[PDB]
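Note: the block below is run.txt and it holds compact mmCIF, C-alpha atoms and all ligand atoms.
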# COMPACT_ATOMS: atom_id res chain seq x y z
CA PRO J 147 -26.33 81.82 12.36
CA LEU J 148 -23.34 79.70 11.41
CA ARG J 149 -21.81 80.82 14.72
CA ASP J 150 -24.75 79.39 16.72
CA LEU J 151 -24.40 75.73 15.71
CA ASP J 152 -23.36 73.57 18.65
CA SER J 153 -23.77 70.16 20.27
CA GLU J 154 -27.54 70.32 20.76
CA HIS J 155 -28.06 70.34 16.97
CA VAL J 156 -26.09 67.18 16.14
CA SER J 157 -28.12 64.89 13.84
CA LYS J 158 -31.10 67.30 13.65
CA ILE J 159 -32.28 69.43 10.72
CA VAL J 160 -31.10 73.04 10.47
CA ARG J 161 -31.58 75.99 8.12
CA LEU J 162 -28.52 78.15 7.44
CA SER J 163 -27.60 81.20 5.39
CA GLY J 164 -24.28 82.35 3.99
CA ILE J 165 -22.19 82.81 0.86
CA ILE J 166 -20.64 80.05 -1.25
CA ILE J 167 -16.88 80.50 -1.59
CA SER J 168 -15.69 77.22 -3.15
CA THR J 169 -17.08 74.30 -5.15
CA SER J 170 -15.00 71.20 -5.85
CA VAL J 171 -14.83 68.82 -8.83
CA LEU J 172 -17.33 66.01 -9.34
CA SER J 173 -16.44 62.69 -7.70
CA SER J 174 -17.68 59.18 -8.44
CA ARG J 175 -19.37 56.84 -5.96
CA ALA J 176 -20.94 53.44 -6.52
CA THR J 177 -24.65 52.66 -6.33
CA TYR J 178 -24.55 49.07 -7.65
CA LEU J 179 -21.53 46.74 -7.79
CA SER J 180 -21.03 43.35 -9.44
CA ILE J 181 -18.12 41.43 -7.92
CA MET J 182 -16.36 38.09 -8.44
CA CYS J 183 -13.96 35.89 -6.49
CA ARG J 184 -10.57 35.55 -8.18
CA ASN J 185 -10.01 31.97 -6.93
CA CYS J 186 -13.32 30.09 -7.28
CA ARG J 187 -15.13 32.63 -9.52
CA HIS J 188 -18.14 32.91 -7.20
CA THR J 189 -20.18 35.98 -8.18
CA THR J 190 -22.57 38.22 -6.24
CA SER J 191 -23.77 41.83 -6.10
CA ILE J 192 -24.09 44.84 -3.79
CA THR J 193 -26.61 47.70 -3.73
CA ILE J 194 -26.15 51.18 -2.23
CA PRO I 168 4.87 -4.96 -5.22
CA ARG I 169 7.60 -6.15 -2.84
CA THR I 170 10.50 -4.86 -4.97
CA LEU I 171 8.94 -1.47 -5.83
CA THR I 172 10.71 1.25 -3.85
CA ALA I 173 11.08 5.03 -3.69
CA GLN I 174 13.87 5.02 -6.30
CA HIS I 175 11.38 4.09 -9.05
CA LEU I 176 9.11 7.09 -8.45
CA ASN I 177 8.03 9.11 -11.50
CA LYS I 178 9.12 6.31 -13.86
CA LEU I 179 7.19 3.86 -16.02
CA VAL I 180 6.92 0.41 -14.43
CA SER I 181 5.27 -2.96 -15.04
CA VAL I 182 4.02 -4.93 -12.04
CA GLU I 183 2.64 -8.45 -11.61
CA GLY I 184 0.45 -9.81 -8.85
CA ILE I 185 -3.05 -10.86 -7.84
CA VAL I 186 -6.14 -8.65 -7.81
CA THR I 187 -7.53 -8.58 -4.26
CA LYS I 188 -10.33 -5.99 -4.25
CA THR I 189 -11.91 -3.72 -6.85
CA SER I 190 -14.22 -0.73 -6.38
CA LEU I 191 -17.61 0.46 -7.59
CA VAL I 192 -17.46 2.12 -11.01
CA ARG I 193 -18.52 5.73 -10.50
CA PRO I 194 -19.08 8.65 -12.91
CA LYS I 195 -16.98 11.80 -12.65
CA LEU I 196 -18.37 15.20 -13.65
CA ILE I 197 -16.28 16.96 -16.31
CA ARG I 198 -18.55 19.54 -17.97
CA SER I 199 -21.86 20.91 -16.69
CA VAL I 200 -24.49 22.63 -18.84
CA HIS I 201 -27.20 25.02 -17.62
CA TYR I 202 -30.16 27.08 -18.82
CA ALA I 203 -31.51 30.52 -17.91
CA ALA I 204 -35.26 31.04 -18.19
CA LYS I 205 -35.15 34.86 -18.28
CA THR I 206 -32.71 34.97 -21.23
CA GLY I 207 -32.91 31.67 -23.14
CA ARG I 208 -29.15 31.04 -23.10
CA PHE I 209 -27.06 27.96 -22.30
CA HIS I 210 -23.86 28.08 -20.24
CA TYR I 211 -21.23 25.56 -19.16
CA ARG I 212 -18.16 25.00 -17.00
CA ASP I 213 -15.19 22.63 -17.01
CA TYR I 214 -13.60 20.79 -14.09
CA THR I 215 -10.24 19.10 -13.55
CA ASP I 216 -8.18 17.49 -10.79
CA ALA I 217 -4.64 16.32 -10.09
CA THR I 218 -4.88 12.79 -11.53
CA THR I 219 -5.88 13.72 -15.11
CA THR I 220 -2.42 14.94 -16.18
CA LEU I 221 1.13 13.69 -15.71
CA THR I 222 2.71 17.11 -15.06
CA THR I 223 1.95 19.31 -12.07
CA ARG I 224 -0.39 22.25 -12.68
CA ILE I 225 -1.57 25.24 -10.67
CA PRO I 226 -5.00 24.41 -9.17
CA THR I 227 -8.09 26.22 -10.46
CA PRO I 228 -10.94 25.14 -8.13
CA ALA I 229 -13.99 26.52 -9.93
CA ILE I 230 -17.32 26.42 -8.13
CA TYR I 231 -20.58 24.88 -9.32
CA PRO I 232 -22.66 27.70 -10.87
CA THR I 233 -26.22 28.28 -9.64
CA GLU I 234 -26.75 31.84 -10.92
CA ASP I 235 -26.00 33.89 -14.02
CA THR I 236 -23.53 36.75 -14.39
CA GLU I 237 -26.57 39.07 -14.11
CA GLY I 238 -28.23 37.35 -11.13
CA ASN I 239 -30.76 35.15 -12.95
CA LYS I 240 -31.40 31.59 -11.80
CA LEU I 241 -30.07 28.54 -13.65
CA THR I 242 -31.38 25.05 -14.43
CA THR I 243 -29.19 21.96 -14.73
CA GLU I 244 -29.30 19.94 -17.97
CA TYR I 245 -28.22 16.46 -16.92
CA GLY I 246 -28.58 15.07 -20.44
CA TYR I 247 -26.19 17.63 -21.95
CA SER I 248 -23.51 17.39 -19.25
CA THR I 249 -20.58 14.97 -19.46
CA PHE I 250 -19.53 12.19 -17.07
CA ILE I 251 -16.59 9.76 -17.21
CA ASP I 252 -16.25 6.39 -15.51
CA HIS I 253 -13.74 5.83 -12.70
CA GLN I 254 -12.45 2.89 -10.65
CA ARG I 255 -9.72 1.99 -8.16
CA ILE I 256 -8.20 -1.47 -7.65
CA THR I 257 -5.63 -3.17 -5.42
CA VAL I 258 -2.85 -5.54 -6.51
CA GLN I 259 -0.94 -7.89 -4.21
CA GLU I 260 2.04 -10.21 -4.55
CA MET I 261 1.19 -13.55 -6.10
CA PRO I 262 0.61 -16.43 -3.64
CA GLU I 263 2.94 -18.66 -5.69
CA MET I 264 5.84 -16.17 -5.50
CA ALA I 265 5.66 -14.45 -2.11
CA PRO I 266 7.89 -15.78 0.69
CA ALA I 267 6.22 -18.22 3.05
CA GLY I 268 5.20 -17.07 6.52
CA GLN I 269 5.60 -13.37 5.66
CA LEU I 270 2.92 -10.70 5.42
CA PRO I 271 2.38 -9.55 1.82
CA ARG I 272 2.79 -6.18 0.09
CA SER I 273 0.34 -4.40 -2.22
CA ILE I 274 -0.10 -1.25 -4.31
CA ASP I 275 -3.10 0.74 -5.55
CA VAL I 276 -3.85 1.33 -9.24
CA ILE I 277 -6.29 3.94 -10.60
CA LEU I 278 -8.09 3.43 -13.91
CA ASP I 279 -10.26 5.72 -16.01
CA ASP I 280 -12.73 5.60 -18.89
CA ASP I 281 -12.12 2.62 -21.18
CA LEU I 282 -10.07 0.48 -18.75
CA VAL I 283 -12.65 0.58 -15.99
CA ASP I 284 -13.86 -3.03 -15.55
CA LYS I 285 -11.21 -5.19 -17.23
CA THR I 286 -10.54 -7.47 -14.22
CA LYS I 287 -12.22 -9.07 -11.21
CA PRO I 288 -10.85 -9.98 -7.77
CA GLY I 289 -8.63 -13.05 -7.66
CA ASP I 290 -7.18 -12.65 -11.15
CA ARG I 291 -3.50 -12.75 -12.00
CA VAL I 292 -2.82 -9.40 -13.66
CA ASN I 293 -0.02 -7.36 -15.21
CA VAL I 294 -0.37 -3.57 -14.98
CA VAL I 295 1.90 -1.06 -16.73
CA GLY I 296 1.76 2.54 -15.59
CA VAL I 297 3.50 5.49 -13.97
CA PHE I 298 4.45 5.30 -10.29
CA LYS I 299 3.58 8.77 -9.02
CA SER I 300 3.29 10.75 -5.79
CA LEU I 301 0.68 13.35 -4.90
CA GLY I 302 -0.03 16.19 -2.51
CA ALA I 303 2.28 17.18 0.32
CA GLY I 304 3.50 14.65 2.86
CA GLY I 305 2.51 16.87 5.76
CA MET I 306 4.78 19.67 4.56
CA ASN I 307 2.23 22.44 4.05
CA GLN I 308 1.29 24.21 7.28
CA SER I 309 3.00 23.09 10.49
CA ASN I 310 1.70 19.50 10.56
CA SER I 311 3.85 18.44 13.49
CA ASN I 312 3.15 14.77 12.76
CA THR I 313 6.03 13.13 10.90
CA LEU I 314 4.93 9.47 10.75
CA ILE I 315 3.03 9.71 7.46
CA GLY I 316 4.81 10.20 4.15
CA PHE I 317 3.82 10.94 0.56
CA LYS I 318 0.73 9.24 -0.85
CA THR I 319 1.73 7.13 -3.84
CA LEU I 320 -0.05 4.99 -6.43
CA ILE I 321 0.03 4.00 -10.11
CA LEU I 322 -1.78 5.88 -12.88
CA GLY I 323 -2.40 2.83 -15.02
CA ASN I 324 -2.62 2.73 -18.80
CA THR I 325 -2.30 -1.00 -19.63
CA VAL I 326 -3.95 -3.98 -17.92
CA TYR I 327 -3.24 -7.57 -18.99
CA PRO I 328 -4.91 -10.64 -17.41
CA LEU I 329 -2.62 -13.65 -17.03
CA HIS I 330 -3.59 -17.33 -17.05
CA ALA I 331 -2.32 -19.72 -14.38
CA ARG I 332 -3.11 -23.16 -13.03
CA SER I 333 -6.14 -23.49 -10.75
CA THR I 334 -7.32 -19.93 -11.48
CA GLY I 335 -10.43 -18.34 -12.94
CA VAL I 336 -8.75 -16.86 -16.02
CA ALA I 337 -9.01 -19.08 -19.09
CA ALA I 338 -6.25 -19.61 -21.65
CA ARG I 339 -6.79 -18.46 -25.23
CA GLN I 340 -4.33 -18.66 -28.12
CA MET I 341 -4.41 -16.60 -31.30
CA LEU I 342 -5.00 -18.85 -34.31
CA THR I 343 -2.99 -18.21 -37.47
CA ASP I 344 -3.78 -19.41 -40.98
CA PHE I 345 -1.00 -22.02 -40.88
CA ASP I 346 -2.59 -23.50 -37.75
CA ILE I 347 -6.05 -23.48 -39.32
CA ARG I 348 -4.79 -25.18 -42.48
CA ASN I 349 -3.00 -27.89 -40.50
CA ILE I 350 -6.02 -28.51 -38.25
CA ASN I 351 -8.49 -28.68 -41.14
CA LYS I 352 -6.09 -31.05 -42.90
CA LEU I 353 -5.73 -33.42 -39.95
CA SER I 354 -9.53 -33.38 -39.66
CA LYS I 355 -9.74 -35.39 -42.90
CA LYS I 356 -7.85 -38.49 -41.75
CA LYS I 357 -9.59 -41.59 -40.41
CA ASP I 358 -7.48 -42.40 -37.33
CA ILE I 359 -7.68 -38.80 -36.08
CA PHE I 360 -9.44 -39.98 -32.92
CA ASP I 361 -6.67 -42.53 -32.30
CA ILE I 362 -3.88 -40.00 -32.90
CA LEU I 363 -5.47 -37.42 -30.61
CA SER I 364 -6.05 -40.09 -27.96
CA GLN I 365 -2.51 -41.50 -27.93
CA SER I 366 -1.10 -37.97 -27.52
CA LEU I 367 -2.61 -37.49 -24.05
CA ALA I 368 -0.02 -38.15 -21.34
ZN ZN X 401 -13.92 32.21 -3.38
Translate this file's structure into structure tokens.
Ligand SMILES: [Zn+2]
Amino acid sequence: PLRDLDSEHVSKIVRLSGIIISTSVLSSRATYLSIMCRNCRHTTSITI
Amino acid sequence: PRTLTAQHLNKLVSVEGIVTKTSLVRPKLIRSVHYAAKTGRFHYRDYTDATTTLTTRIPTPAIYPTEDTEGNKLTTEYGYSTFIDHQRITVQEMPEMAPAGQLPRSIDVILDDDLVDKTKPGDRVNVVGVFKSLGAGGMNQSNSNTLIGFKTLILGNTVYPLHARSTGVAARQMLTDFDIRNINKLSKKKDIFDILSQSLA
């Protein structure tokens, strides 16, 4: 039950049941970034 | 060099003196060219510093590129890059004009490209250029020290060697057609040896 979750379950895997009442709008997050330095123009990359 | 003071800064001057020490002529990197093996393209970059222009500019310290904009490796093409010659010299007050018993004064002159090896140490020289200051005389940051001032030198554009007695610079005179005609005429007389001999001292 949703009312039975507590400290012992933190960071473990759980299975829960209920009813969806609200979904939000889609957001954007980065998975690969190409960056540059605005002074010396040194370039690199980042991966998520 | 003795009578060159802070009131002549940023103005065009002409100085006389004796060359005391030159420097090794070095190349300066201006444009680099590279190659990417994964794409087959050639790239380049330009470089500049504070002594290549008379007016102050906002610095743009670009780095030397080793990679591509997409991460690929690059290869340097030394034959397609560009280098320019560079030298620095020192000029002192002439020994035949400086006061006796007094330590002398000197000034540095920077030359570039086609005026790079026009004199050797010990010559009497005349250099025309712009007397200019550079950097910050310990003003940026705290820099508690106050003894030093502003670095100064001459960005030269004209160098003239001068002939003197008992020096290594030889005298040469430009010969005009009037002179050539007169010489070739006098060559045809018969006492020319006598005339030329009696003229000495
Ligand atoms: Zn940077």
Do you have, as a Markdown table, the list of residues of chain I lying at most 10 Å from ligand ZN 401 (chain X), each with its nearest atom pair and that distance in Å to one decimal, counting all atoms listed in the file and ordered by chain then number?
| residue | atom | partner | partner_atom | distance |
| --- | --- | --- | --- | --- |
| I:228 | CA | X:ZN401 | ZN | 9.0 |
| I:229 | CA | X:ZN401 | ZN | 8.7 |
| I:230 | CA | X:ZN401 | ZN | 8.2 |
request  = Tell me the residues of chain J close to chain I, meaning within 9 Å using all atoms listed in the file, as a ChimeraX atom specification.
outcome  = /J:180,185-191
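The space between atom CA of residue 265 of chain I and atom CA of residue 327 of chain I spans 20.3 Å.
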query = Can you tell me, as a ChimeraX atom specification, what residues are no more than 7 Å from segment 189-198 of chain I when counting all atoms listed in the file, ignoring any on the same chain fewer than 3 positions away?
reply = /I:211-215,248-257,287-288
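Reported to one decimal place, the separation of atom CA of residue 323 of chain I from atom CA of residue 277 of chain I is 6.0 Å.
Between atom CA of residue 225 of chain I and atom CA of residue 182 of chain J the separation is 19.7 Å.
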Six-sided padding of 8 Å per side, axis-aligned box over segment 257-270 of chain I, centre and edges in Å, one decimal, as AutoDock Vina command-line options:
--center_x 1.1 --center_y -10.9 --center_z 0.0 --size_x 29.5 --size_y 31.5 --size_z 29.0
query = Of the candidates I:339, I:175, I:357, I:188, which one gets nearest to residue 276 of chain I if we count all atoms listed in the file?
reply =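 Ranking I:339, I:175, I:357, I:188 by distance to residue 276 of chain I, first place goes to I:188.
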